[PDB]
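**Student:** Next up is a structure, given as structure tokens.
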Protein chains: 2
Amino acid sequence: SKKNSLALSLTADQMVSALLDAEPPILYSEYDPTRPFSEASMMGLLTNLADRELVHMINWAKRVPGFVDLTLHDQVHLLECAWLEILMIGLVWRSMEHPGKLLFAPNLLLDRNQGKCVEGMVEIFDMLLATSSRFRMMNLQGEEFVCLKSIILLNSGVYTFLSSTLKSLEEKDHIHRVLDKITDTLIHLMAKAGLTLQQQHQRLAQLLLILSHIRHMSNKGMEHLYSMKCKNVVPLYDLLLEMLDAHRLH
Amino acid sequence: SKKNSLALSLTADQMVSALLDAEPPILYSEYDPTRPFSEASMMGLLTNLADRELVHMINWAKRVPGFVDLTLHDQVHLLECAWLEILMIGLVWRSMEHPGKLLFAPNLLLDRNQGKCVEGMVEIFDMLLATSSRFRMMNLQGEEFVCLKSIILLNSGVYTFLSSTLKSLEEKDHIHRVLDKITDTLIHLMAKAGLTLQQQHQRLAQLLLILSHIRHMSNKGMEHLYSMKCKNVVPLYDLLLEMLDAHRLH
Ligand SMILES: C[C@]12CC[C@@H]3c4ccc(O)cc4CC[C@H]3[C@@H]1CC[C@@H]2O
Ligand SMILES: C[C@]12CC[C@@H]3c4ccc(O)cc4CC[C@H]3[C@@H]1CC[C@@H]2O
């Protein structure tokens with residue numbers, strides 16, 4: 001009984017202006033450029049931004065096409081299975097124009113060094129800078145971004161729903177369908193820019209292949225946060241703590 | 001000074017028969033269906049297969065196009081950054097036709113249960129079965145496979161080379177170039193099968209998106225192996241131990 005929402009009908013353009021209108025606000029950090037960041041100082045500073053930003057992401061999710069067509073539990077699943085990936089593909093986007101620096105917030109701008117203020121934090125920053133950089137090198141257009149962002153919320157953690165029943169397959173299928181359309185939007189947005197057919201193909205792959213690395217930075221970065229929490233350096237942010245105690249990583 | 005190898009010229013077809021001829025042999029396990037698998041018993045049984053299989057993978061790598069065009073150190077980097085992903089996209093391929101079971105070796109065939117013989121092992125098996133299953137659901141053709149396999153060896157761990165110099169960018173660029181061609185091979189192999197343009201696009205994305213999950217299973221599965229080694233359940237297989245002490249995961 002595979003239903004029919006709005007997502008599936010949307011014109012390749014509406015699809016865009018949809019995800020585009022959907023975009024959440026750009027938060028701001030509250031630190032005081034006085035006290036020198038300590039391992040703890042920055043962690044808290046970041047995790048704070050994370051936790052808050054995480055509140056808008058939930059709302060963002062609801063606006064993504066086909067997303068509410070899933071079962072509530074399955075929406076939460078997707079959400080908590082990709083939250084960190086999403087937090088990062090955003091960061092990398094914001095950091096596009098500022099090479100060598102990650103624009104966490106317009107008021108909080110860090111570089112490869114600050115990263116060293118926290119253990120193991122460095123490597124990640126570099127991976128984020130590399131992805132950050134790579135995007136810029138392809139001249140990633142804002143429309144493509146929101147497409148990717150959406151693709152993560154829908155792909156990451158789809159093969160692992162709670163279910164393995166019968167309504168699980170319907171769902172698993174709906175998502176695949178929306179994703180297929182998101183692909184059309186992307187391919188479209190690329191022809192609407194000159195790219196040869198060959199180029200469209202290639203650029204598609206190139207973008208999707210970044211999603212591999214992101215997925216990767218998400219795993220490594222998650223193990224990290226868990227560690228900082230085991231060192232009692234992380235503030236008690238229940239939302240962030242939830243999206244973490246969700247991966248059960250040990 | 002971006003060189004010009006053979007890879008870049010290859011016809012979309014040669015590209016295939018290249019990777020296809022490149023394929024390594026299908027190993028075999030040596031266990032005795034007598035003694036009941038213990039957490040340790042199977043781990044050793046698997047890790048043994050892993051370690052050995054890992055020997056052919058190295059040789060396989062050399063045969064992949066554009067791969068030897070890199071710097072030796074960079075080849076090792078790629079190799080040790082994706083070894084596990086590769087070991088898995090293979091497993092999943094072998095397990096295609098046997099739903100609910102992972103065909104590690106033609107003589108060693110396990111199911112969702114045996115997985116439970118080892119701690120945390122289960123979840124992974126399921127993820128592998130899901131991917132295993134998903135492939136079958138798309139009727140993944142052997143040619144596409146070898147394409148993916150190659151794409152992993154080249155993409156996974158490219159944004160993180162030793163270098164961040166000047167010869168690093170050349171390299172990083174060559175790979176991107178070969179990858180772009182591997183994309184052409186794929187898109188080609190799909191038109192050579194009827195698929196509309198739209199379908200080619202869509203199926204491309206669909207395959208590449210699996211690579212996200214694989215990357216994921218690789219991270220989680222790696223953390224696992226490290227754990228078993230911390231519990232002294234893993235045999236001392238120096239090659240396997242090398243490709244692990246390479247991720248520095250803690
Ligand atoms: C989760 C971490 C703190 C919060 C960081 C953050 C915080 C906010 C945000 O929008 C993106 C990111 C990306 C990387 C995250 C980090 C990865 C390592 C660290 O533990
Ligand atoms: C590395 C592990 C043992 C070896 C397993 C293997 C061994 C051989 C092979 O060809 C593929 C795989 C995939 C999953 C691997 C497992 C992931 C968890 C476990 O620690």
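Ligands are numbered from 1 in the order shown, residues from 1 within each chain, and chains are lettered A, B, ... in the order they appear in the structure tokens.
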Per DSSP on the backbone, filter segment 17-242 of chain B down to the residues in strand (DSSP E or B) and report them as a PyMOL selection string.
**Tutor:** chain B and resi 101-102+110-111
**Student:** Just write the chosen residues, N, CA and C atoms, as an mmCIF file, in the first residue's frame.
**Tutor:**
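The new file again_35.cif reads:
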data_model
loop_
_atom_site.group_PDB
_atom_site.id
_atom_site.type_symbol
_atom_site.label_atom_id
_atom_site.label_comp_id
_atom_site.auth_asym_id
_atom_site.auth_seq_id
_atom_site.Cartn_x
_atom_site.Cartn_y
_atom_site.Cartn_z
ATOM 1 N N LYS B 101 21.780 -14.716 4.969
ATOM 2 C CA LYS B 101 23.064 -15.335 5.243
ATOM 3 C C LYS B 101 24.202 -14.591 4.566
ATOM 4 N N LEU B 102 25.355 -14.559 5.224
ATOM 5 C CA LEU B 102 26.531 -13.887 4.693
ATOM 6 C C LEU B 102 27.494 -14.958 4.230
ATOM 7 N N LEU B 110 27.488 -18.318 7.066
ATOM 8 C CA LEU B 110 26.862 -17.960 8.342
ATOM 9 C C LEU B 110 25.549 -17.213 8.215
ATOM 10 N N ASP B 111 24.770 -17.215 9.297
ATOM 11 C CA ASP B 111 23.486 -16.524 9.315
ATOM 12 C C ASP B 111 23.347 -15.564 10.502
#
**Student:** Show me, as a PDB file with N, CA and C atoms, in the first residue's frame, the residues that have an atom within 8 Å of segment 4-8 of chain B when counting only C-alpha atoms, minus same-chain residues fewer than 3 positions from it.
**Tutor:**
ATOM      1  N   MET B  15      37.932  -0.446 -19.528  1.00  0.00           N
ATOM      2  CA  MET B  15      37.891  -0.112 -18.112  1.00  0.00           C
ATOM      3  C   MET B  15      37.329  -1.292 -17.338  1.00  0.00           C
ATOM      4  N   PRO B  65      43.118   0.587 -12.445  1.00  0.00           N
ATOM      5  CA  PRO B  65      43.619   1.681 -13.276  1.00  0.00           C
ATOM      6  C   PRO B  65      43.907   2.948 -12.497  1.00  0.00           C
ATOM      7  N   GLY B  66      44.973   3.633 -12.895  1.00  0.00           N
ATOM      8  CA  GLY B  66      45.349   4.874 -12.254  1.00  0.00           C
ATOM      9  C   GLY B  66      45.949   4.720 -10.884  1.00  0.00           C
ATOM     10  N   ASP B  69      49.646   4.987 -10.584  1.00  0.00           N
ATOM     11  CA  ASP B  69      50.056   6.304 -11.044  1.00  0.00           C
ATOM     12  C   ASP B  69      50.286   7.210  -9.851  1.00  0.00           C
ATOM     13  N   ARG B 177      40.085  12.345 -11.335  1.00  0.00           N
ATOM     14  CA  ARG B 177      39.963  12.132 -12.768  1.00  0.00           C
ATOM     15  C   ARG B 177      39.606  10.687 -13.077  1.00  0.00           C
ATOM     16  N   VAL B 178      40.350   9.736 -12.523  1.00  0.00           N
ATOM     17  CA  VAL B 178      40.041   8.329 -12.754  1.00  0.00           C
ATOM     18  C   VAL B 178      38.622   8.061 -12.287  1.00  0.00           C
ATOM     19  N   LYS B 181      36.043   8.941 -14.652  1.00  0.00           N
ATOM     20  CA  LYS B 181      35.955   7.976 -15.733  1.00  0.00           C
ATOM     21  C   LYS B 181      35.215   6.724 -15.300  1.00  0.00           C
TER      22      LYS B 181
END
**Student:** Tell me the residues of chain B close to chain A, meaning within 8 Å using only C-alpha atoms, as a list in words.
**Tutor:**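 My answer is residues 127, 130, 131, 155, 156, 157, 159, 160, 180, 183, 184, 187, 198, 201, 202, 204, 205, 206, 208, 209, 211, 212, 213, 215, 216, 219 and 220 of chain B.
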**Student:** Those residues with N, CA and C atoms, as a JSON list (two decimals), in the first residue's frame please?
**Tutor:**
[["chain", "number", "residue", "atom", "x", "y", "z"],
["B", 127, "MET", "N", 23.52, -5.20, 9.32],
["B", 127, "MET", "CA", 23.84, -4.13, 8.39],
["B", 127, "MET", "C", 24.38, -4.70, 7.08],
["B", 130, "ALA", "N", 21.51, -6.32, 5.24],
["B", 130, "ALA", "CA", 20.68, -5.26, 4.66],
["B", 130, "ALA", "C", 21.33, -4.77, 3.38],
["B", 131, "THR", "N", 22.62, -4.48, 3.42],
["B", 131, "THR", "CA", 23.29, -4.03, 2.23],
["B", 131, "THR", "C", 23.27, -5.17, 1.24],
["B", 155, "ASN", "N", 38.21, 6.53, -3.68],
["B", 155, "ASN", "CA", 37.58, 7.63, -2.98],
["B", 155, "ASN", "C", 37.87, 7.62, -1.48],
["B", 156, "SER", "N", 37.45, 6.56, -0.82],
["B", 156, "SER", "CA", 37.65, 6.44, 0.61],
["B", 156, "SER", "C", 39.06, 6.78, 1.03],
["B", 157, "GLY", "N", 39.21, 7.87, 1.76],
["B", 157, "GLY", "CA", 40.53, 8.27, 2.19],
["B", 157, "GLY", "C", 41.37, 8.95, 1.13],
["B", 159, "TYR", "N", 40.75, 12.56, 0.64],
["B", 159, "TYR", "CA", 40.81, 13.91, 1.15],
["B", 159, "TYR", "C", 41.80, 13.97, 2.31],
["B", 160, "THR", "N", 42.31, 12.81, 2.73],
["B", 160, "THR", "CA", 43.25, 12.78, 3.85],
["B", 160, "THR", "C", 44.64, 12.19, 3.60],
["B", 180, "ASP", "N", 36.10, 10.03, -12.08],
["B", 180, "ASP", "CA", 35.18, 10.58, -13.07],
["B", 180, "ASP", "C", 34.97, 9.60, -14.23],
["B", 183, "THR", "N", 32.95, 6.63, -13.44],
["B", 183, "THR", "CA", 31.55, 7.05, -13.45],
["B", 183, "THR", "C", 31.00, 6.84, -14.86],
["B", 184, "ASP", "N", 31.80, 7.18, -15.87],
["B", 184, "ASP", "CA", 31.42, 7.03, -17.27],
["B", 184, "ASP", "C", 31.20, 5.57, -17.59],
["B", 187, "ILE", "N", 27.84, 4.71, -15.96],
["B", 187, "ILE", "CA", 26.74, 5.28, -16.75],
["B", 187, "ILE", "C", 26.59, 4.54, -18.08],
["B", 198, "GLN", "N", 17.22, 9.25, -17.37],
["B", 198, "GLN", "CA", 16.77, 9.45, -16.00],
["B", 198, "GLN", "C", 17.13, 8.25, -15.12],
["B", 201, "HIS", "N", 20.87, 8.05, -14.28],
["B", 201, "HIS", "CA", 21.16, 9.01, -13.22],
["B", 201, "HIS", "C", 20.80, 8.37, -11.89],
["B", 202, "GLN", "N", 19.51, 8.12, -11.74],
["B", 202, "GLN", "CA", 18.97, 7.52, -10.53],
["B", 202, "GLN", "C", 19.74, 6.31, -10.05],
["B", 204, "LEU", "N", 22.72, 5.50, -10.67],
["B", 204, "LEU", "CA", 24.07, 5.90, -10.29],
["B", 204, "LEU", "C", 24.00, 6.27, -8.82],
["B", 205, "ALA", "N", 23.21, 7.29, -8.52],
["B", 205, "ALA", "CA", 23.04, 7.77, -7.16],
["B", 205, "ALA", "C", 22.77, 6.62, -6.23],
["B", 206, "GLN", "N", 21.79, 5.79, -6.57],
["B", 206, "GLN", "CA", 21.44, 4.66, -5.73],
["B", 206, "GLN", "C", 22.62, 3.80, -5.35],
["B", 208, "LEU", "N", 25.96, 4.73, -5.49],
["B", 208, "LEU", "CA", 26.87, 5.55, -4.71],
["B", 208, "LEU", "C", 26.36, 5.77, -3.30],
["B", 209, "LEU", "N", 25.05, 5.82, -3.13],
["B", 209, "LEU", "CA", 24.52, 6.05, -1.81],
["B", 209, "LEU", "C", 24.74, 4.84, -0.91],
["B", 211, "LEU", "N", 27.44, 3.18, -0.93],
["B", 211, "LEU", "CA", 28.82, 3.39, -0.50],
["B", 211, "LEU", "C", 28.91, 4.21, 0.78],
["B", 212, "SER", "N", 27.84, 4.93, 1.09],
["B", 212, "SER", "CA", 27.78, 5.73, 2.29],
["B", 212, "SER", "C", 27.64, 4.75, 3.44],
["B", 213, "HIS", "N", 26.66, 3.86, 3.32],
["B", 213, "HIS", "CA", 26.38, 2.86, 4.33],
["B", 213, "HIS", "C", 27.59, 1.95, 4.54],
["B", 215, "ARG", "N", 30.74, 2.59, 4.03],
["B", 215, "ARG", "CA", 31.72, 3.40, 4.75],
["B", 215, "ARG", "C", 31.38, 3.31, 6.21],
["B", 216, "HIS", "N", 30.08, 3.43, 6.50],
["B", 216, "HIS", "CA", 29.57, 3.37, 7.86],
["B", 216, "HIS", "C", 29.82, 2.01, 8.51],
["B", 219, "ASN", "N", 33.39, 1.66, 9.57],
["B", 219, "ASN", "CA", 33.81, 2.37, 10.78],
["B", 219, "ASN", "C", 33.39, 1.59, 12.00],
["B", 220, "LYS", "N", 32.11, 1.27, 12.07],
["B", 220, "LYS", "CA", 31.57, 0.52, 13.19],
["B", 220, "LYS", "C", 32.28, -0.83, 13.32]]
**Student:** So the first atom is atom CA of residue 230 of chain A and the second is atom 20 (O, counted along the ligand's line) of ligand 2; what is the distance between them in Å, to one decimal place?
**Tutor:** 23.2 Å
**Student:** Name the residues in contact with residue 229 of chain B at a cut-off of 12 Å, using only C-alpha atoms, excluding same-chain residues fewer than 5 positions from it; report them as a ChimeraX atom specification.
**Tutor:** /B:40,43-44,47,222-224,234-237,240-241,244-245
**Student:** Please produce a file of those selected residues containing C-alpha atoms, as a PDB file, in the first residue's frame.
**Tutor:**
ATOM      1  CA  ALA B  40      36.819 -16.593  19.907  1.00  0.00           C
ATOM      2  CA  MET B  43      36.509 -14.350  15.361  1.00  0.00           C
ATOM      3  CA  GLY B  44      39.656 -16.278  14.649  1.00  0.00           C
ATOM      4  CA  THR B  47      39.994 -12.726  11.006  1.00  0.00           C
ATOM      5  CA  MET B 222      36.533  -1.482  12.719  1.00  0.00           C
ATOM      6  CA  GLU B 223      35.787  -0.250  16.231  1.00  0.00           C
ATOM      7  CA  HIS B 224      34.485  -3.743  16.882  1.00  0.00           C
ATOM      8  CA  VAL B 234      41.841 -11.940  18.003  1.00  0.00           C
ATOM      9  CA  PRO B 235      44.721 -14.018  16.613  1.00  0.00           C
ATOM     10  CA  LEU B 236      47.991 -12.203  15.951  1.00  0.00           C
ATOM     11  CA  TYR B 237      47.656 -11.594  12.214  1.00  0.00           C
ATOM     12  CA  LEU B 240      45.253  -7.488   9.613  1.00  0.00           C
ATOM     13  CA  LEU B 241      46.813  -5.897  12.714  1.00  0.00           C
ATOM     14  CA  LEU B 244      43.943  -1.771  11.940  1.00  0.00           C
ATOM     15  CA  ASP B 245      46.706  -0.068  13.871  1.00  0.00           C
TER      16      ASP B 245
END
**Student:** Residues near segment 51-58 of chain B, anyone? I mean within 8 Å using only C-alpha atoms, not counting same-chain ones fewer than 5 positions away, as a ChimeraX atom specification.
**Tutor:** /B:24-25,27,79,83,87,237,239-240
**Student:** Give me, as a list in words, all polymer residues having an atom no more than 9 Å from residue 39 of chain A, counting only C-alpha atoms and skipping those fewer than 6 positions away in the same chain.
**Tutor:**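 So the residues in contact are residues 116, 117, 118, 119 and 233 of chain A.
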**Student:** I need the chosen residues saved as a compact mmCIF listing (two decimals), in the first residue's frame, with C-alpha atoms.
**Tutor:**
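Contents of result_3.txt, freshly written:
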# COMPACT_ATOMS: atom_id res chain seq x y z
CA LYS A 116 44.42 21.44 18.99
CA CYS A 117 43.01 22.84 22.22
CA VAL A 118 41.08 19.57 22.46
CA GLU A 119 42.42 16.01 22.31
CA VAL A 233 34.23 17.62 29.77
**Student:** Please determine, counting only C-alpha atoms, which residue among B:10, B:26, B:153, B:191 has the shortest atom-to-atom distance to residue 103 of chain B.
**Tutor:**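 Closest residue, counting only C-alpha atoms: B:26.
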**Student:** To one decimal place in Å, what is the distance between atom CA of residue 185 of chain A and atom CA of residue 80 of chain A?
**Tutor:**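 Computed distance, atom CA of residue 185 of chain A to atom CA of residue 80 of chain A, equals 25.3 Å.
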**Student:** Quick check, in Å to one decimal: how far apart do atom CA of residue 61 of chain A and atom CA of residue 107 of chain A lie?
**Tutor:**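 Those two atoms sit 25.6 Å apart.
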**Student:** From segment 12-245 of chain A, collect each residue whose DSSP state is alpha helix (DSSP H) and return the set as a ChimeraX atom specification.
**Tutor:** /A:12-22,39-63,72-94,121-138,142-155,167-191,197-230,238-242
**Student:** Hey, what's within 10 Å of segment 142-144 of chain B if we count only C-alpha atoms and toss same-chain stuff fewer than 2 positions away? As a ChimeraX atom specification, please?
**Tutor:** /B:16-17,19-20,93,139-140,146-150,182,185-187,189-190,204,207
**Student:** Give me, as a PDB file with N, CA and C atoms, in the first residue's frame, all polymer residues having an atom no more than 9 Å from residue 18 of chain A, counting only C-alpha atoms and skipping those fewer than 5 positions away in the same chain.
**Tutor:**
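Dumped to out-v5.pdb:
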ATOM      1  N   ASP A  13      11.783  22.091  -9.655  1.00  0.00           N
ATOM      2  CA  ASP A  13      12.018  23.417  -9.096  1.00  0.00           C
ATOM      3  C   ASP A  13      11.381  23.593  -7.728  1.00  0.00           C
ATOM      4  N   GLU A  23      15.203  25.694   4.991  1.00  0.00           N
ATOM      5  CA  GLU A  23      16.404  26.013   5.743  1.00  0.00           C
ATOM      6  C   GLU A  23      16.185  26.669   7.092  1.00  0.00           C
ATOM      7  N   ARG A  63       9.890  19.750   7.514  1.00  0.00           N
ATOM      8  CA  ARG A  63       9.652  20.456   6.249  1.00  0.00           C
ATOM      9  C   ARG A  63      10.208  19.760   5.002  1.00  0.00           C
ATOM     10  N   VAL A  64      11.175  18.869   5.180  1.00  0.00           N
ATOM     11  CA  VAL A  64      11.727  18.145   4.044  1.00  0.00           C
ATOM     12  C   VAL A  64      10.612  17.307   3.436  1.00  0.00           C
ATOM     13  N   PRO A  65      10.548  17.227   2.101  1.00  0.00           N
ATOM     14  CA  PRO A  65       9.526  16.461   1.389  1.00  0.00           C
ATOM     15  C   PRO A  65       9.591  14.971   1.655  1.00  0.00           C
TER      16      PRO A  65
END
